[PDB]
Amino acid sequence: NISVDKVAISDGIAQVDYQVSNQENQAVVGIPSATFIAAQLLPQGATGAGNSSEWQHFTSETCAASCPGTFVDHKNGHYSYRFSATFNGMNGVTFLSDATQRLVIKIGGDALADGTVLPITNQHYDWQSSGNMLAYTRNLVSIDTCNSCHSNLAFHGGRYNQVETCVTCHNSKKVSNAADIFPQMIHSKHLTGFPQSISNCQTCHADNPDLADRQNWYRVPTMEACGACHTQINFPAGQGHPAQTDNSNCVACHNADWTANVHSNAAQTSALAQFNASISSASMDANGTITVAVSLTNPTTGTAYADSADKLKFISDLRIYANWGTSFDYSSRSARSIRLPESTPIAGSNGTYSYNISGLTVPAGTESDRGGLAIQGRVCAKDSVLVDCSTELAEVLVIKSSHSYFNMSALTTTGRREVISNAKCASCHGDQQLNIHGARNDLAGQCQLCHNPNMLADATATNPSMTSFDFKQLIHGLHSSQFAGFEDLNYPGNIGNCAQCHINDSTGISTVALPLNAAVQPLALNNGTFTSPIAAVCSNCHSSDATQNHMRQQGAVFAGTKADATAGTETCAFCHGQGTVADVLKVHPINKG
Ligand code: HEC
Ligand code: HEC
Ligand code: HEC
Ligand code: HEC
Ligand code: HEC
Ligand code: HEC
Ligand code: HEC
Ligand code: HEC
Ligand code: HEC
Ligand code: HEC
Ligand SMILES: [Ca+2]
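Residue numbers (the authors' numbering): 49 to 641.
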């Protein structure tokens, strides 16, 4: 809500409440009815005393009989149509300061005047002063970068607070506390359960010209803020750090470069930036033996490592994993592999050597299908460079895994279908920091080399296909805190928001109402039994006692796995179908990146 103006005589009298509205085309006249909403604040920057910007809350809260100068929408001052009003009193708990910044906000959750009826909630701020440009500010961080992991954010019965901000109530003045002051608080909350490493600052402290003030997560060291993560330290007592009663000396020692570096990982990344392992070519014979050619190089500068991996001292580990059957999600739950340093090559010279992976399972009718490869490794580094893995105080970093797609004769660029992307997962995990099994971190592939339908699922369990280590099952299941060993794991965003993980198949999202080649073997561990292709996936986010199984054709457990596969085509899709239908994607909340 672009607004106007500051009311200076002798009270708050907010004069406009529109029209950016809730949701629609916009630029349409609106009517402010009929609930909520208001709050005011005063910040001083660093005048008291020698530390940081502070907000201060003027009384705004619950009420019984409908009133102006607090939290509600009633016996206020004249409001209607567009240009509203208005506050009572001024300096309640604190006191107004000439030549200072201040804060205003407005939200709208509505049972409307029978004219439209909506929405959930919608807020926007207006920071004020007594008639001049803008002295100083505290624009630390916007909510959208928060939404990457949360999609939408709205605490307190979703009442607050779309956008910015909550710095209003979460002050020393309003909250009690402790510590529910914004920096103090949200650090402590994300201290554990955070996907990425806590030391990743820009994941929240994103870079943004719109926010002139910060440049701050490392400009302004303070007990309360830094101590939130660094808990084992009691400053005033000298526990774990030299005693400090205040934060008047923090900065003298903790310069910006220092605090910005200690949390940075530039050293790690520059070391890794000096090594790359790519599969230059590949092929396979009829019975199932792969021949790979590996080319080690320095990605920057781009020159070759003439010697083979087994002679490069800085390599801690480097493996390739492979499997066959891209069109049907592979033929084994366990991919074959080789540890390159642990094996002398067949042929090679000058930065490129051939090895061969054997023991792959090639079912008959699938001689012309595609396979899958995935590099995996660790290198020892120290002080931003690679070093002999036996050097003192060396650290073991993890190669960014990668995958090439296989073909009986030579590498192919097409490969197995793309259901998700490292991009989409990084919006919570990072690209590509999430490491499982030590060194595996590719999600656009690799994981499925083992996490495929070949992964058995418990028939005994009342649980429907949430025992299958199939990638789709595993992922959906654990990010729902339902998968075994993954209970009580709090998932930030909307579980139902498909957009986060999924992606486009040249058209709609990769949850196309009709799968392309999702071979379905969802029930094993008992083996004999199997389950419908589409019912397979929906039974985790629409779990048990149900459906009835509301089971129309194809829908079922075992039936010769033929009546299961797939069997024919079935209306189960046509009904919940892509083209504008009685379900498809309208049924799920999905947004754009
Ligand atoms: C991904 C790295 C996230 C970023 C970016 C933000 N949040 Fe988050 N949030 C995330 C996780 C994994 C969790 C829970 C972990 C756990 O073990 O509890 C949360 C939780 C919250 C909460 C709820 C706290 C509660 O007690 O329920 C809040 C209010 C919250 N986070 C706020 C918040 C804000 C304001 C963010 C932008 C600055 C933000 N989060 C970013 C994951 C991630
Ligand atoms: C004033 C209307 C507030 C707004 C705006 C926001 N919060 Fe709040 N919250 C408020 C109070 C008075 C309290 C507790 C008071 C006390 O003395 O303890 C809280 C509490 C929280 C908590 C945890 C404690 C709890 O009672 O649940 C969290 C995690 C929290 N608040 C988060 C939060 C976020 C992320 C906000 C911006 C979207 C936000 N609050 C705004 C009052 C107010
Ligand atoms: C999301 C969970 C964050 C993480 C991860 C980090 N920071 Fe943070 N920080 C975050 C918020 C929402 C706020 C307050 C926002 C507001 O408008 O008040 C802060 C605050 C700080 C501060 C205080 C700065 C000031 O000017 O007072 C500091 C010094 C700070 N944060 C440091 C910091 C560092 C070094 C981080 C990486 C280790 C870091 N934070 C992570 C959100 C999040
Ligand atoms: C959570 C978002 C944090 C906040 C807020 C602050 N720090 Fe931190 N710090 C955090 C992590 C995850 C780490 C590990 C570093 C690593 O290499 O893994 C650190 C580390 C430090 C250190 C190094 C101490 C050591 O034992 O080697 C220092 C000196 C440090 N951090 C300082 C510091 C300051 C001054 C902060 C406020 C501006 C601060 N940290 C906030 C996580 C978080
Ligand atoms: C010089 C006398 C300092 C003053 C004043 C402050 N800090 Fe300090 N700090 C100093 C040193 C030499 C170190 C060791 C760091 C290392 O890598 O060995 C530290 C450590 C910290 C840390 C690290 C936390 C951890 O768990 O390791 C933090 C978070 C930190 N310091 C913050 C901090 C604060 C809040 C201060 C004001 C109260 C402060 N420092 C003052 C040197 C000095
Ligand atoms: C934010 C909405 C997320 C998206 C996008 C993705 N994941 Fe996630 N995942 C998220 C959180 C907050 C956690 C915390 C778990 C914990 O115990 O802290 C996780 C966890 C995982 C794990 C577990 C790893 C382990 O426990 O060792 C895995 C393997 C994982 N996530 C994978 C994964 C994939 C493949 C994603 C893209 C499809 C993905 N995640 C996205 C939150 C979020
Ligand atoms: C074969 C070489 C595998 C590849 C490649 C990946 N995974 Fe894995 N994983 C594999 C098996 C056989 C199992 C179950 C039994 C076991 O040996 O551990 C798992 C288990 C998991 C789990 C949960 C178990 C745990 O470690 O706590 C997760 C969260 C998981 N797998 C995820 C995962 C990811 C993200 C992968 C790509 C980075 C990946 N796996 C590859 C075998 C294999
Ligand atoms: C991150 C936790 C995700 C969420 C949220 C949703 N999906 Fe997902 N899905 C995710 C992964 C990592 C996979 C693995 C598939 C693979 O081979 O890598 C899947 C799989 C599916 C599929 C299979 C489709 C196909 O293989 O062609 C479907 C149909 C599917 N998921 C549906 C779906 C829907 C409707 C979602 C929103 C409610 C949704 N998923 C969320 C990761 C994640
Ligand atoms: C996890 C990623 C899911 C997948 C896979 C599927 N859906 Fe789903 N959907 C999911 C959740 C967590 C919810 C919440 C429903 C609620 O009431 O809160 C939904 C919602 C639906 C519904 C609504 C049914 C009801 O609420 O009674 C339908 C009809 C629906 N989704 C359709 C649907 C279909 C046909 C799926 C297979 C193609 C499917 N969903 C998968 C999460 C997930
Ligand atoms: C047309 C007759 C359909 C067939 C065939 C299938 N589904 Fe369906 N389903 C359809 C509608 C119009 C609805 C209403 C949902 C709503 O929110 O209005 C549903 C409902 C479901 C649900 C919801 C169950 C719950 O929330 O508890 C589920 C889980 C579901 N449908 C799954 C499902 C499966 C697996 C199907 C193939 C066996 C299937 N449906 C077929 C329309 C139709
Ligand atoms: Ca900036």
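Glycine included, every Cβ here is placed at the ideal spot set by N, Cα and C.
task: Keeping to the same chain, check which residues put their C-beta closer than 7 Å to that of residue 452; ignore five residues upstream and five downstream.
output: 327, 330, 421, 459
task: Using only alpha-carbon positions, find the residue among 541, 556, 576 that is nearest to residue 193.
output: Distance from the Cα of residue 193 is smallest, within the candidate group 541, 556, 576, for 541.
- request: Drop a sphere of 10 angstroms on the beta-carbon of residue 620, count the other beta-carbons inside from all chains shown, and report buried for 16 or more, exposed for fewer.
  value: Flag for residue 620 reads buried.
task: Sort 97, 502, 245 by Cα distance to residue 482 and report the nearest one.
output: 245
query: Going by C-alpha distance, which of 160, 113, 277, 77 is nearest residue 44?
result: Within the shown structure, residues of the chain are numbered from 49 to 641, placing residue 44 beyond reach of any answer.
- prompt: So what's residue 524 in DSSP terms, helix, strand or just coil?
  reply: In the structure shown, residue 524 falls within a helical segment according to DSSP collapsed to helix, strand and coil.
- request: Could you say if the region 464-483 and the region 387-402 meet the contact criterion of at least three C-beta pairs nearer than 8 Å?
  value: no
When 187, 58, 219, 623 are compared against residue 106, the one with the closest alpha-carbon: Taking the Cα of residue 106 as reference, the smallest distance to any Cα among 187, 58, 219, 623 is reached at 219.
- prompt: When we look at the beta-carbon of residue 495 and count the other beta-carbons within 10 Å, is it buried (16 or more) or exposed?
  reply: Within 10 angstroms of the beta-carbon of residue 495 lie 16 or more other beta-carbons, which makes it buried.
- prompt: Does DSSP put residue 275 in a helix, a strand or coil?
  reply: helix
query: By Cβ distance, which residues of its chain are closer than 6 Å to residue 270, with the 5 residues on each side in sequence left out?
result: Residues 99, 100, 295 of the same chain have their beta carbon placed closer than 6 Å to that of residue 270, with the five preceding and five following residues left out of the count.
query: For residue 306, is the classification buried or exposed, using 16 other Cβ atoms within 10 angstroms of its Cβ as the cut-off for buried?
result: Looking at its Cβ environment, which holds fewer than 16 other Cβ atoms inside 10 Å, residue 306 is exposed.
- prompt: Per DSSP, residue 635 forms a beta bridge with which residues?
  reply: According to DSSP, which records beta bridges pairwise, residue 635 is partnered with nothing at all.
Close Cβ partners of residue 491 (< 6 Å) along its chain, the five nearest in sequence each way excluded: 470, 473
field: Simplified DSSP state of residue 454, which is helix, strand or coil
entry: The answer is strand: DSSP assigns residue 454 an E or B state.
- request: Using 7 Å as the cut-off, classify the Cβ of residue 413 as near or not near the heavy atoms of ligand 6, replying yes or no.
  value: no
- prompt: Is it the case that the Cβ atoms of residue 413 and residue 374 are separated by a distance below 8 Å?
  reply: With respect to residue 374, residue 413 sits apart: the two C-beta atoms are not nearer than 8 Å.
- prompt: Quick one: is the Cβ of residue 295 within less than 7 Å of any heavy atom of ligand 5?
  reply: yes
query: Opposite residue 365 in the DSSP bridges: which residues?
result: 426
query: For residue 235, which three-state DSSP category applies?
result: Three-state result, residue 235: helix.
message: On a Cα-Cα basis, can you pick out the residue from 148, 211, 205 that is closest to residue 647?
response: The structure shown does not extend to residue 647, since the chain spans only 49 to 641, so no value can be given for it.
- prompt: Leaving out the 5 sequence neighbours to the left and right, which residues in its chain are closer than 8 Å to residue 466 when beta-carbon positions are compared?
  reply: Cβ-Cβ distances below 8 Å link residue 466 to 492, 551, 553, 558 in the same chain, with the five nearest sequence neighbours on each side left out; the list follows chain order.
Extent of the continuous beta strand (DSSP E) to which residue 300 belongs: Note, residue 300: premise wrong, no beta strand (DSSP E); alpha helix (DSSP H) at 298-301.
message: Can you find the residues in the same chain that come closer than 7 Å, C-beta to C-beta, to residue 251, ignoring five residues on each side of it along the sequence?
response: 244
query: Can you tell me the Cα-Cα spacing of residue 212 and residue 191, whole angstroms?
result: 7 Å
field: Span separating the alpha-carbon of residue 599 from that of residue 544
entry: 22 Å
task: Find the nearest neighbour of residue 410 within the set 226, 325, 372, 275, judged by alpha-carbon distance.
output: 372
task: Report yes if the C-beta of residue 623 is less than 7 Å from at least one heavy atom of ligand 4; otherwise report no.
output: No, Cβ of residue 623 sits at least 7 Å from all heavy atoms of ligand 4.
task: Pair every Cβ in the region 82-92 with every Cβ in the region 118-136, then say whether three or more of these pairs are closer than 8 Å.
output: The answer is yes - the region 118-136 touches the region 82-92, with three or more Cβ pairs under 8 Å.
- prompt: Per DSSP, residue 371 forms a beta bridge with which residues?
  reply: Its beta-bridge partners are 420.
- prompt: Within the structure, which residues are defined as neighbours of ligand 1 by a Cβ-heavy atom distance below 7 Å, reported in chain order?
  reply: 189, 191, 193, 194, 196, 197, 198, 201, 203, 234, 237, 238, 240, 241, 242, 243, 244, 251, 252, 476, 538, 540
field: Residues bridged to residue 152 (per DSSP)
entry: Under DSSP, residue 152 shares a beta bridge with 88.
message: For a test of your reading of the model: does the CB of residue 637 fall under 7 Å from any non-hydrogen atom of ligand 11? Yes or no.
response: No, the Cβ of residue 637 stays beyond 7 Å of every heavy atom of ligand 11.
message: Using the Cβ count rule (16 or more neighbours within 10 Å means buried), how would you classify residue 287?
response: exposed
message: If you reduce the DSSP assignment to three classes, tell me which class residue 552 lands in.
response: strand
task: Drop a sphere of 10 angstroms on the beta-carbon of residue 525, count the other beta-carbons inside from all chains shown, and report buried for 16 or more, exposed for fewer.
output: buried
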